[PDB]
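Each remark here refers to the structure printed beneath this line.
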Amino acid sequence: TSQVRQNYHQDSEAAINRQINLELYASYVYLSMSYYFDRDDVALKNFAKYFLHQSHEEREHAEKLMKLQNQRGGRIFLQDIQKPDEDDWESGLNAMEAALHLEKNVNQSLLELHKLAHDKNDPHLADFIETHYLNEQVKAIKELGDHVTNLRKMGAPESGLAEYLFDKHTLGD
Amino acid sequence: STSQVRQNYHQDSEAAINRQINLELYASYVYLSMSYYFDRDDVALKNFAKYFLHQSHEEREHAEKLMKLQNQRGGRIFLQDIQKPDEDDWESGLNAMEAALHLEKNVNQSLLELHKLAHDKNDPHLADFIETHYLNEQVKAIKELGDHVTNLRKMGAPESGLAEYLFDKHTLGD
Amino acid sequence: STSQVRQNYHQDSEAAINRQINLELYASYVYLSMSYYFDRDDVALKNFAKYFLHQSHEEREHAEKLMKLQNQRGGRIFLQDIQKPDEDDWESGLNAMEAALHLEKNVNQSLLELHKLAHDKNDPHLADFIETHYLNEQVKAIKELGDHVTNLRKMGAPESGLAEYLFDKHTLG
Amino acid sequence: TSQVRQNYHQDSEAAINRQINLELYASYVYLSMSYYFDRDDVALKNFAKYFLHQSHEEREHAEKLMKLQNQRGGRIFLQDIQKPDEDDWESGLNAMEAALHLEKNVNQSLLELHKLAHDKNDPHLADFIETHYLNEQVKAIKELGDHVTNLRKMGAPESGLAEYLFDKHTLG
Ligand SMILES: O=C(Cc1ccc(CC(=O)NO)cc1)NO
Ligand SMILES: [Zn+2]
Ligand SMILES: [Zn+2]
Ligand SMILES: [Zn+2]
Ligand SMILES: [Zn+2]
Ligand SMILES: [Zn+2]
Ligand SMILES: [Zn+2]
Ligand SMILES: [Zn+2]
Ligand SMILES: [Zn+2]
Ligand SMILES: [Zn+2]
Ligand SMILES: [Zn+2]
Ligand SMILES: [Zn+2]
Ligand SMILES: [Zn+2]
């Protein structure tokens, strides 16, 4: 048993390992989307930059969880990072919708992890989730929601003009 | 007891000033409501939101200046309930702009009646207070709302969501 | 219909947030009233006025932040009439401070009931929103009001007008 | 008749000359008060500075009225500046009260002058009074009101401590 481990339940440790894998998976999804919009027959550079930045973000979430694992004396156990469900993301609207869905899966997972910390009386872990992840998930979900709303309002995915202008005026600054 | 500073300040003027204070606070409430209507995830027009929030704080300033005037002339401030806006859902940017134009025309008419009253009561300080701090600000606000409505309509709003998106970007994104 | 971002956001929490929005606006109105009470020519405590006006703007910020949260979690804002304060004449600086302490303790109790609600409904994001943005701010405001009341009393308020003048100069100035 | 005069009624011209005299009188009052609080047996340096500043301000009001008179083609006619009603102003509270009273007299005169401009259809003169005098009078009257209120609550004029601390923390 680790010399630092204190009040860190094995269930919390396993849940943290699974959450690490999930964050890495999300990072992979965003990488895929970004270079999908980098394609010469899609050519939405701001969608590309947006989803690449999100990918690096997920990388940071994962690495922070691995840091937490070491801090509490748990042991990191990595699993295969599954490839995303799609190779072709269709359009900017569809990519935003898949990102909203993914983000709500990740959020649900973090809510279950926080409930686990609460039931196991792990206030440090619950506060870690609260402080570093819960509000970031809420903000990401709201932002994706606004993007979906505006793209649909503009006429996506039917309007390539719509996705072009959204790429320029919304994701371009 | 009569205020030590009170001079040429008619009781009708004092009551009209309290009513105008409440009207300004009401306008502020309206603008707050509109702003956070455009803050919704299923509306998502951040520049409409920022615009109407700025208008809301402005109305706040209008009220506070009216209360300061009230104290300056020796009147007594009496606050009333601030009524909630007529709408919870503002439909679209075009409709919010039209409701705002209408509201501003109500506030302007109220201020014009206040200036008529001050003039009839031979209150040049109050008439000049209204003139200098409110009348032209109302004319400018009404002209600006009018231009916004005109452009949103020419662009194809509210049927065209592209119209309100682009208007939010290129006109209110400032 | 259900918001596309709504996740783990209970209707009871949503209604409580609407009521809290109204309460924050009510407090803002109270503070406005007090401020311009001390702006009167027969009271003339400019630092009491500035203090309570600042408190009013602060309350406004509390409200707008609650409305932002409402939209973030997918709830729907429903505004109600803002009731006028209980007093038009606040008597003295001491009495205004005590009325403010009372108001702040009611607002704090409301927020504590909101946090209990978020906890029982397993809403860690809402519980952390309340915790981080409201609980300690209420505690600090209550402590400050308590110190002000204590000092005014010790100086001899409200019977001694010198007390409230000097307090306005050296404490609120 | 002046080459510039237009829509300037003789009544307005005479009223402007009287207002010039009134402003100068007020300046005199404030000068007297200032050097009263400069006395070695009063020694309220901030009351003194305050009332001296008021005196110079009144001078500015007068000179702006004389400038206006020349602008409209009227002719300035100066009269004796009457000495203040008092040589000894008693205390800071009493000086503030006399200043509030004086300022309400000057404000009343300015309001009569404005009503005169309205009845004579002189919008330029009415707006001159509105923009340059009315609100300044309201602010001065309110400020004197605040000062009187505070000096009284503090225990003036019976308490010399009250007027000392007021001189330090409010007018200082
Ligand atoms: O302007 C008017 C009409 C009016 C008022 C006063 C006069 C002057 C007068 O009556 N002199 O005997 C004229 C017109 N009312 O606001
Ligand atoms: Zn993540
Ligand atoms: Zn994410
Ligand atoms: Zn207004
Ligand atoms: Zn307005
Ligand atoms: Zn608050
Ligand atoms: Zn508060
Ligand atoms: Zn619990
Ligand atoms: Zn916490
Ligand atoms: Zn003067
Ligand atoms: Zn003067
Ligand atoms: Zn008229
Ligand atoms: Zn001191």
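Ordering of the structure tokens sets the chain letters (A, B, ...); residue numbers start at 1 within each chain; ligands are numbered from 1 in the order shown.
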Compile the residues of chain B that lie within 7 Å of chain C, evaluated using only C-alpha atoms, and express the compilation as number ranges by chain.
B: 39-41, 71, 78-84, 88
Residue neighbourhood residue 13 of chain B, 10 Å, only C-alpha atoms, exclusion window fewer than 6 positions, as a tab-separated table (two decimals) with N, CA and C atoms, in the first residue's frame:
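The resulting file, result.tsv, is shown below:
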```tsv
chain	number	residue	atom	x	y	z
B	19	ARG	N	-42.88	58.25	-9.83
B	19	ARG	CA	-43.41	57.36	-10.86
B	19	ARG	C	-42.39	57.13	-11.97
B	70	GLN	N	-34.49	63.72	-7.06
B	70	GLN	CA	-35.51	63.80	-6.02
B	70	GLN	C	-34.93	64.32	-4.71
B	75	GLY	N	-37.49	66.53	-2.34
B	75	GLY	CA	-38.56	65.56	-2.35
B	75	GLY	C	-38.19	64.31	-1.59
B	114	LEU	N	-43.71	64.63	-18.04
B	114	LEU	CA	-43.00	65.20	-16.90
B	114	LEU	C	-42.47	66.60	-17.22
B	115	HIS	N	-41.94	66.80	-18.43
B	115	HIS	CA	-41.46	68.12	-18.81
B	115	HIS	C	-42.61	69.11	-18.99
B	117	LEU	N	-45.31	68.98	-17.33
B	117	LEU	CA	-45.69	69.30	-15.96
B	117	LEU	C	-44.74	70.31	-15.33
B	118	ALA	N	-43.43	70.10	-15.48
B	118	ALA	CA	-42.47	71.03	-14.89
B	118	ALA	C	-42.64	72.42	-15.48
B	121	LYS	N	-45.75	74.04	-14.10
B	121	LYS	CA	-45.51	74.42	-12.72
B	121	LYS	C	-44.39	75.44	-12.58
B	123	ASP	N	-41.19	75.22	-13.26
B	123	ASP	CA	-40.00	74.61	-12.68
B	123	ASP	C	-38.89	74.52	-13.73
B	126	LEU	N	-36.21	71.71	-13.20
B	126	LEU	CA	-36.64	70.35	-13.52
B	126	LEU	C	-36.82	70.18	-15.02
```
Give the residue list for ligand 1 at 8 Å, counting only C-alpha atoms and all ligand atoms, as a ChimeraX atom specification, sorted by chain and then by residue number.
/B:119-120,122 /D:118-120
Could the residues of chain D within 6 Å of chain C, counting only C-alpha atoms, be given as a PyMOL selection string, please?
chain D and resi 145-146+149+153-154
Chain A near chain B within 6 Å: what's each residue's closest atom pair and its distance in Å to one decimal, counting only C-alpha atoms, ordered by chain then ascending residue number, as a tab-separated table?
```
residue	atom	partner	partner_atom	distance
A:145	CA	B:41	CA	5.6
A:146	CA	B:41	CA	4.9
A:149	CA	B:42	CA	5.6
A:153	CA	B:161	CA	4.8
A:154	CA	B:162	CA	4.4
```
Kindly export the residues of the current selection with N, CA and C atoms, as an mmCIF file, in the first residue's frame.
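Output below, filename selection.cif:
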```cif
data_model
loop_
_atom_site.group_PDB
_atom_site.id
_atom_site.type_symbol
_atom_site.label_atom_id
_atom_site.label_comp_id
_atom_site.auth_asym_id
_atom_site.auth_seq_id
_atom_site.Cartn_x
_atom_site.Cartn_y
_atom_site.Cartn_z
ATOM 1 N N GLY A 145 -24.042 23.583 -27.154
ATOM 2 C CA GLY A 145 -25.457 23.812 -27.390
ATOM 3 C C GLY A 145 -25.712 25.074 -28.192
ATOM 4 N N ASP A 146 -25.033 26.169 -27.833
ATOM 5 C CA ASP A 146 -25.176 27.407 -28.596
ATOM 6 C C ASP A 146 -24.740 27.207 -30.041
ATOM 7 N N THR A 149 -27.391 25.266 -31.889
ATOM 8 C CA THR A 149 -28.547 26.131 -32.098
ATOM 9 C C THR A 149 -28.306 27.089 -33.255
ATOM 10 N N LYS A 153 -30.149 27.294 -36.836
ATOM 11 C CA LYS A 153 -30.844 28.536 -37.159
ATOM 12 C C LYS A 153 -30.361 29.102 -38.488
ATOM 13 N N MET A 154 -29.064 28.977 -38.762
ATOM 14 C CA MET A 154 -28.485 29.491 -39.993
ATOM 15 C C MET A 154 -28.810 28.611 -41.187
#
```
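Those protein and nucleic acid residues that have any atom within 9 Å of ligand 8 are, using only C-alpha atoms and all ligand atoms, residues 118, 119 and 121 of chain A; 119, 120 and 122 of chain C.
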Taking only C-alpha atoms into account, which residues of chain B are within 12 Å of chain D, as a PyMOL selection string?
chain B and resi 3-9+68-75+119-133
Tell me which protein, DNA and RNA residues are within 10 Å of residue 144 of chain C, counting only C-alpha atoms, leaving out same-chain ones fewer than 6 positions away, and put them as number ranges by chain.
C: 97, 101, 138, 150
Residues from the last selection, C-alpha atoms, saved as a short mmCIF file (atom, residue, chain, number, x, y, z; two decimals), in the first residue's frame:
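Saved as selection-v7.cif:
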```cif
data_model
loop_
_atom_site.label_atom_id
_atom_site.label_comp_id
_atom_site.auth_asym_id
_atom_site.auth_seq_id
_atom_site.Cartn_x
_atom_site.Cartn_y
_atom_site.Cartn_z
CA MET C 97 -26.92 48.18 9.13
CA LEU C 101 -27.66 42.11 8.57
CA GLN C 138 -22.61 35.64 2.52
CA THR C 150 -20.97 46.46 16.91
#
```
Could you name the residues that touch segment 108-113 of chain C at 8 Å or less, counting only C-alpha atoms, but leaving out those on the same chain fewer than 5 positions away, as a PyMOL selection string?
chain C and resi 20+130+134-135+138-139
Go ahead and save the residues from that selection, with N, CA and C atoms, as an mmCIF file, in the first residue's frame.
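Okay, this is what ended up in selection-v6.cif:
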```cif
data_model
loop_
_atom_site.group_PDB
_atom_site.id
_atom_site.type_symbol
_atom_site.label_atom_id
_atom_site.label_comp_id
_atom_site.auth_asym_id
_atom_site.auth_seq_id
_atom_site.Cartn_x
_atom_site.Cartn_y
_atom_site.Cartn_z
ATOM 1 N N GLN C 20 -34.325 32.308 -6.012
ATOM 2 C CA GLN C 20 -33.106 32.960 -5.546
ATOM 3 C C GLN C 20 -32.782 34.185 -6.394
ATOM 4 N N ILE C 130 -23.020 27.076 -5.637
ATOM 5 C CA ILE C 130 -23.451 27.780 -4.437
ATOM 6 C C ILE C 130 -22.283 27.937 -3.471
ATOM 7 N N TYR C 134 -21.270 31.790 -3.429
ATOM 8 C CA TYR C 134 -22.247 32.464 -2.577
ATOM 9 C C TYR C 134 -22.046 32.248 -1.085
ATOM 10 N N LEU C 135 -21.696 31.036 -0.650
ATOM 11 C CA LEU C 135 -21.706 30.748 0.785
ATOM 12 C C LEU C 135 -20.707 31.622 1.542
ATOM 13 N N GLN C 138 -21.597 35.339 1.513
ATOM 14 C CA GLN C 138 -22.613 35.636 2.517
ATOM 15 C C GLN C 138 -22.007 35.674 3.912
ATOM 16 N N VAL C 139 -21.137 34.713 4.230
ATOM 17 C CA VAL C 139 -20.509 34.685 5.549
ATOM 18 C C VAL C 139 -19.697 35.951 5.789
#
```
Got a sec: who's within 10 Å of residue 98 of chain C, counting only C-alpha atoms, leaving out chain neighbours fewer than 5 positions off, as a PDB file with N, CA and C atoms, in the first residue's frame?
```pdb
ATOM      1  N   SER C  92     -31.701  55.525  10.672  1.00  0.00           N
ATOM      2  CA  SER C  92     -30.329  55.871  11.025  1.00  0.00           C
ATOM      3  C   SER C  92     -29.386  54.860  10.391  1.00  0.00           C
ATOM      4  N   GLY C  93     -28.090  55.179  10.450  1.00  0.00           N
ATOM      5  CA  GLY C  93     -27.087  54.264   9.927  1.00  0.00           C
ATOM      6  C   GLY C  93     -27.056  52.945  10.676  1.00  0.00           C
ATOM      7  N   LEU C 103     -31.457  41.088   6.494  1.00  0.00           N
ATOM      8  CA  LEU C 103     -31.665  40.716   5.097  1.00  0.00           C
ATOM      9  C   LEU C 103     -30.623  39.701   4.640  1.00  0.00           C
ATOM     10  N   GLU C 104     -29.353  39.958   4.949  1.00  0.00           N
ATOM     11  CA  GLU C 104     -28.288  39.055   4.539  1.00  0.00           C
ATOM     12  C   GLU C 104     -28.422  37.681   5.185  1.00  0.00           C
ATOM     13  N   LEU C 145     -21.235  43.201   8.345  1.00  0.00           N
ATOM     14  CA  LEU C 145     -22.379  43.894   8.926  1.00  0.00           C
ATOM     15  C   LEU C 145     -22.351  43.809  10.445  1.00  0.00           C
ATOM     16  N   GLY C 146     -21.990  42.642  10.983  1.00  0.00           N
ATOM     17  CA  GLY C 146     -21.900  42.502  12.429  1.00  0.00           C
ATOM     18  C   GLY C 146     -20.872  43.434  13.039  1.00  0.00           C
ATOM     19  N   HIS C 148     -19.829  46.266  11.770  1.00  0.00           N
ATOM     20  CA  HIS C 148     -20.337  47.631  11.659  1.00  0.00           C
ATOM     21  C   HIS C 148     -21.337  47.935  12.766  1.00  0.00           C
ATOM     22  N   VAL C 149     -22.321  47.052  12.954  1.00  0.00           N
ATOM     23  CA  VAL C 149     -23.309  47.247  14.013  1.00  0.00           C
ATOM     24  C   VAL C 149     -22.615  47.358  15.363  1.00  0.00           C
ATOM     25  N   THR C 150     -21.684  46.440  15.635  1.00  0.00           N
ATOM     26  CA  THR C 150     -20.966  46.455  16.905  1.00  0.00           C
ATOM     27  C   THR C 150     -20.295  47.802  17.134  1.00  0.00           C
TER      28      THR C 150
END
```
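The space separating atom CA of residue 22 of chain A from atom CA of residue 139 of chain A comes to 18.6 Å.
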Chain A residues near ligand 3 within 9 Å, closest pair each, using only C-alpha atoms and all ligand atoms, as a tab-separated table:
```
residue	atom	partner	partner_atom_place_in_ligand_line	distance
A:23	CA	ligand 3	1 (Zn)	7.4
A:26	CA	ligand 3	1 (Zn)	6.7
A:27	CA	ligand 3	1 (Zn)	8.0
A:54	CA	ligand 3	1 (Zn)	6.9
A:55	CA	ligand 3	1 (Zn)	8.2
A:57	CA	ligand 3	1 (Zn)	7.2
A:58	CA	ligand 3	1 (Zn)	5.8
A:61	CA	ligand 3	1 (Zn)	8.1
A:99	CA	ligand 3	1 (Zn)	8.1
A:100	CA	ligand 3	1 (Zn)	8.8
A:102	CA	ligand 3	1 (Zn)	7.6
A:103	CA	ligand 3	1 (Zn)	5.1
A:104	CA	ligand 3	1 (Zn)	8.5
A:106	CA	ligand 3	1 (Zn)	6.8
A:107	CA	ligand 3	1 (Zn)	8.0
A:133	CA	ligand 3	1 (Zn)	9.0
A:136	CA	ligand 3	1 (Zn)	7.8
A:137	CA	ligand 3	1 (Zn)	6.2
A:140	CA	ligand 3	1 (Zn)	6.6
A:141	CA	ligand 3	1 (Zn)	8.3
```
Let's have the selection written as an mmCIF file, in the first residue's frame, with C-alpha atoms.
```cif
data_model
loop_
_atom_site.group_PDB
_atom_site.id
_atom_site.type_symbol
_atom_site.label_atom_id
_atom_site.label_comp_id
_atom_site.auth_asym_id
_atom_site.auth_seq_id
_atom_site.Cartn_x
_atom_site.Cartn_y
_atom_site.Cartn_z
ATOM 1 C CA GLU A 23 -10.781 11.602 -21.277
ATOM 2 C CA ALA A 26 -12.606 12.144 -26.027
ATOM 3 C CA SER A 27 -9.241 13.637 -26.969
ATOM 4 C CA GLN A 54 -10.719 20.585 -27.639
ATOM 5 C CA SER A 55 -8.579 17.491 -28.251
ATOM 6 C CA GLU A 57 -7.964 20.039 -23.676
ATOM 7 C CA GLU A 58 -9.131 16.453 -23.168
ATOM 8 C CA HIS A 61 -8.090 16.502 -18.359
ATOM 9 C CA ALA A 99 -19.343 16.557 -29.496
ATOM 10 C CA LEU A 100 -22.345 17.554 -27.372
ATOM 11 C CA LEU A 102 -19.756 12.884 -26.129
ATOM 12 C CA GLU A 103 -19.455 15.722 -23.617
ATOM 13 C CA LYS A 104 -22.678 14.676 -21.896
ATOM 14 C CA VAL A 106 -18.129 12.445 -20.072
ATOM 15 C CA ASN A 107 -20.165 14.666 -17.765
ATOM 16 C CA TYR A 133 -14.286 19.242 -14.053
ATOM 17 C CA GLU A 136 -15.918 22.956 -17.206
ATOM 18 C CA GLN A 137 -18.293 20.249 -18.449
ATOM 19 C CA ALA A 140 -18.513 23.061 -22.687
ATOM 20 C CA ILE A 141 -22.030 21.627 -22.930
#
```
For residue 116 of chain A, please output as a ChimeraX atom specification all residues within 9 Å (counting only C-alpha atoms; exclusion window: fewer than 3 positions along the same chain).
/A:11-12,15,111-113,119-122,126
Would you export the selected residues with N, CA and C atoms as a PDB file, in the first residue's frame, please?
```
ATOM      1  N   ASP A  11     -12.531   1.518  -5.093  1.00  0.00           N
ATOM      2  CA  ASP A  11     -13.537   1.861  -6.092  1.00  0.00           C
ATOM      3  C   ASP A  11     -13.235   3.209  -6.730  1.00  0.00           C
ATOM      4  N   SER A  12     -12.858   4.197  -5.916  1.00  0.00           N
ATOM      5  CA  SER A  12     -12.476   5.493  -6.459  1.00  0.00           C
ATOM      6  C   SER A  12     -11.275   5.361  -7.383  1.00  0.00           C
ATOM      7  N   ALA A  15     -12.419   3.841 -10.653  1.00  0.00           N
ATOM      8  CA  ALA A  15     -13.223   4.827 -11.366  1.00  0.00           C
ATOM      9  C   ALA A  15     -12.347   5.917 -11.970  1.00  0.00           C
ATOM     10  N   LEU A 111     -20.167  12.841 -12.990  1.00  0.00           N
ATOM     11  CA  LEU A 111     -21.182  12.930 -11.947  1.00  0.00           C
ATOM     12  C   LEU A 111     -21.253  11.633 -11.156  1.00  0.00           C
ATOM     13  N   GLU A 112     -21.139  10.494 -11.843  1.00  0.00           N
ATOM     14  CA  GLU A 112     -21.073   9.217 -11.143  1.00  0.00           C
ATOM     15  C   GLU A 112     -19.816   9.115 -10.291  1.00  0.00           C
ATOM     16  N   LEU A 113     -18.691   9.630 -10.794  1.00  0.00           N
ATOM     17  CA  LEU A 113     -17.461   9.602 -10.010  1.00  0.00           C
ATOM     18  C   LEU A 113     -17.599  10.458  -8.755  1.00  0.00           C
ATOM     19  N   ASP A 119     -20.341   9.048  -1.566  1.00  0.00           N
ATOM     20  CA  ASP A 119     -20.772   7.867  -0.825  1.00  0.00           C
ATOM     21  C   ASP A 119     -19.622   7.227  -0.063  1.00  0.00           C
ATOM     22  N   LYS A 120     -18.402   7.324  -0.584  1.00  0.00           N
ATOM     23  CA  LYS A 120     -17.225   6.796   0.091  1.00  0.00           C
ATOM     24  C   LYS A 120     -16.585   7.814   1.028  1.00  0.00           C
ATOM     25  N   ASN A 121     -17.261   8.929   1.286  1.00  0.00           N
ATOM     26  CA  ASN A 121     -16.746   9.988   2.150  1.00  0.00           C
ATOM     27  C   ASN A 121     -15.329  10.390   1.742  1.00  0.00           C
ATOM     28  N   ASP A 122     -15.161  10.705   0.447  1.00  0.00           N
ATOM     29  CA  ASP A 122     -13.892  11.191  -0.088  1.00  0.00           C
ATOM     30  C   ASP A 122     -14.036  12.660  -0.477  1.00  0.00           C
ATOM     31  N   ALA A 126     -14.186  14.492  -4.206  1.00  0.00           N
ATOM     32  CA  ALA A 126     -15.388  15.205  -4.629  1.00  0.00           C
ATOM     33  C   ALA A 126     -15.075  16.654  -4.972  1.00  0.00           C
TER      34      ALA A 126
END
```
Neighbouring residues of residue 76 of chain A were defined as those with any atom within 7 Å, considering only C-alpha atoms; residues of the same chain fewer than 2 positions away were excluded. Please report them as number ranges by chain.
A: 17, 66, 69, 74, 78
Check every protein, DNA and RNA residue against ligand 13, keep those with an atom at most 12 Å away (counting only C-alpha atoms and all ligand atoms), and present them as number ranges by chain.
C: 162-163, 165-171, 173; D: 161-162, 164-170, 172
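The contact shell of ligand 4, defined as all polymer residues within 9 Å when only C-alpha atoms and all ligand atoms are used, comprises residues 23, 24, 25, 27, 28, 55, 56, 58, 59, 60, 61, 62, 63, 104, 107, 108, 134, 137 and 138 of chain B.
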Restricting it to N, CA, C and O atoms, dump the selection as a PDB file, in the first residue's frame.
```pdb
ATOM      1  N   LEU B  23     -40.691  53.725 -13.354  1.00  0.00           N
ATOM      2  CA  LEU B  23     -40.717  53.369 -14.770  1.00  0.00           C
ATOM      3  C   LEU B  23     -39.323  53.007 -15.264  1.00  0.00           C
ATOM      4  O   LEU B  23     -39.154  52.032 -16.003  1.00  0.00           O
ATOM      5  N   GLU B  24     -38.315  53.792 -14.882  1.00  0.00           N
ATOM      6  CA  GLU B  24     -36.940  53.484 -15.263  1.00  0.00           C
ATOM      7  C   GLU B  24     -36.513  52.124 -14.726  1.00  0.00           C
ATOM      8  O   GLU B  24     -35.925  51.315 -15.454  1.00  0.00           O
ATOM      9  N   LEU B  25     -36.817  51.844 -13.453  1.00  0.00           N
ATOM     10  CA  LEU B  25     -36.465  50.539 -12.893  1.00  0.00           C
ATOM     11  C   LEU B  25     -37.178  49.411 -13.639  1.00  0.00           C
ATOM     12  O   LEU B  25     -36.598  48.342 -13.875  1.00  0.00           O
ATOM     13  N   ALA B  27     -38.084  49.503 -16.837  1.00  0.00           N
ATOM     14  CA  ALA B  27     -37.364  49.367 -18.098  1.00  0.00           C
ATOM     15  C   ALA B  27     -36.096  48.546 -17.910  1.00  0.00           C
ATOM     16  O   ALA B  27     -35.779  47.674 -18.733  1.00  0.00           O
ATOM     17  N   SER B  28     -35.347  48.829 -16.840  1.00  0.00           N
ATOM     18  CA  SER B  28     -34.166  48.038 -16.519  1.00  0.00           C
ATOM     19  C   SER B  28     -34.509  46.559 -16.388  1.00  0.00           C
ATOM     20  O   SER B  28     -33.800  45.697 -16.924  1.00  0.00           O
ATOM     21  N   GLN B  55     -28.297  47.948 -22.021  1.00  0.00           N
ATOM     22  CA  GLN B  55     -29.485  48.783 -21.876  1.00  0.00           C
ATOM     23  C   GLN B  55     -30.049  48.687 -20.465  1.00  0.00           C
ATOM     24  O   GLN B  55     -30.460  49.696 -19.882  1.00  0.00           O
ATOM     25  N   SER B  56     -30.059  47.481 -19.892  1.00  0.00           N
ATOM     26  CA  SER B  56     -30.590  47.298 -18.543  1.00  0.00           C
ATOM     27  C   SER B  56     -29.814  48.124 -17.519  1.00  0.00           C
ATOM     28  O   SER B  56     -30.405  48.861 -16.717  1.00  0.00           O
ATOM     29  N   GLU B  58     -28.027  50.705 -18.127  1.00  0.00           N
ATOM     30  CA  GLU B  58     -28.321  52.098 -18.443  1.00  0.00           C
ATOM     31  C   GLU B  58     -29.605  52.556 -17.759  1.00  0.00           C
ATOM     32  O   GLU B  58     -29.620  53.585 -17.074  1.00  0.00           O
ATOM     33  N   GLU B  59     -30.695  51.803 -17.931  1.00  0.00           N
ATOM     34  CA  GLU B  59     -31.951  52.148 -17.267  1.00  0.00           C
ATOM     35  C   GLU B  59     -31.756  52.277 -15.764  1.00  0.00           C
ATOM     36  O   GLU B  59     -32.334  53.169 -15.124  1.00  0.00           O
ATOM     37  N   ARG B  60     -30.956  51.379 -15.180  1.00  0.00           N
ATOM     38  CA  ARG B  60     -30.588  51.514 -13.775  1.00  0.00           C
ATOM     39  C   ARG B  60     -30.024  52.904 -13.493  1.00  0.00           C
ATOM     40  O   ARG B  60     -30.450  53.585 -12.551  1.00  0.00           O
ATOM     41  N   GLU B  61     -29.061  53.341 -14.308  1.00  0.00           N
ATOM     42  CA  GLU B  61     -28.484  54.670 -14.129  1.00  0.00           C
ATOM     43  C   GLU B  61     -29.546  55.759 -14.259  1.00  0.00           C
ATOM     44  O   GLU B  61     -29.548  56.727 -13.489  1.00  0.00           O
ATOM     45  N   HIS B  62     -30.455  55.624 -15.229  1.00  0.00           N
ATOM     46  CA  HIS B  62     -31.555  56.579 -15.367  1.00  0.00           C
ATOM     47  C   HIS B  62     -32.347  56.692 -14.070  1.00  0.00           C
ATOM     48  O   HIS B  62     -32.649  57.798 -13.595  1.00  0.00           O
ATOM     49  N   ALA B  63     -32.688  55.550 -13.479  1.00  0.00           N
ATOM     50  CA  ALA B  63     -33.427  55.563 -12.226  1.00  0.00           C
ATOM     51  C   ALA B  63     -32.629  56.264 -11.139  1.00  0.00           C
ATOM     52  O   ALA B  63     -33.103  57.233 -10.533  1.00  0.00           O
ATOM     53  N   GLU B 104     -39.402  52.151 -25.123  1.00  0.00           N
ATOM     54  CA  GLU B 104     -38.737  53.449 -25.105  1.00  0.00           C
ATOM     55  C   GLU B 104     -39.690  54.571 -25.485  1.00  0.00           C
ATOM     56  O   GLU B 104     -39.543  55.696 -24.998  1.00  0.00           O
ATOM     57  N   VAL B 107     -41.565  55.290 -22.252  1.00  0.00           N
ATOM     58  CA  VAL B 107     -40.736  56.044 -21.313  1.00  0.00           C
ATOM     59  C   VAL B 107     -40.561  57.476 -21.797  1.00  0.00           C
ATOM     60  O   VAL B 107     -40.563  58.426 -21.002  1.00  0.00           O
ATOM     61  N   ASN B 108     -40.412  57.653 -23.110  1.00  0.00           N
ATOM     62  CA  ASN B 108     -40.277  58.989 -23.674  1.00  0.00           C
ATOM     63  C   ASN B 108     -41.546  59.797 -23.469  1.00  0.00           C
ATOM     64  O   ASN B 108     -41.483  60.974 -23.101  1.00  0.00           O
ATOM     65  N   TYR B 134     -32.399  63.577 -20.358  1.00  0.00           N
ATOM     66  CA  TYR B 134     -33.263  62.472 -20.761  1.00  0.00           C
ATOM     67  C   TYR B 134     -33.835  62.589 -22.166  1.00  0.00           C
ATOM     68  O   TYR B 134     -33.925  61.576 -22.863  1.00  0.00           O
ATOM     69  N   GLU B 137     -31.430  61.686 -25.108  1.00  0.00           N
ATOM     70  CA  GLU B 137     -31.065  60.286 -24.928  1.00  0.00           C
ATOM     71  C   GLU B 137     -32.202  59.370 -25.360  1.00  0.00           C
ATOM     72  O   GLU B 137     -31.965  58.307 -25.950  1.00  0.00           O
ATOM     73  N   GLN B 138     -33.447  59.774 -25.079  1.00  0.00           N
ATOM     74  CA  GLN B 138     -34.608  59.012 -25.536  1.00  0.00           C
ATOM     75  C   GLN B 138     -34.737  59.061 -27.054  1.00  0.00           C
ATOM     76  O   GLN B 138     -35.012  58.040 -27.689  1.00  0.00           O
TER      77      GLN B 138
END
```
Could you give me, as an MDAnalysis selection string, each residue of chain A that DSSP assigns to helix (DSSP H, G or I) when run on this structure's backbone?
chainID A and resid 10:37 45:71 92:119 123:154 160:169
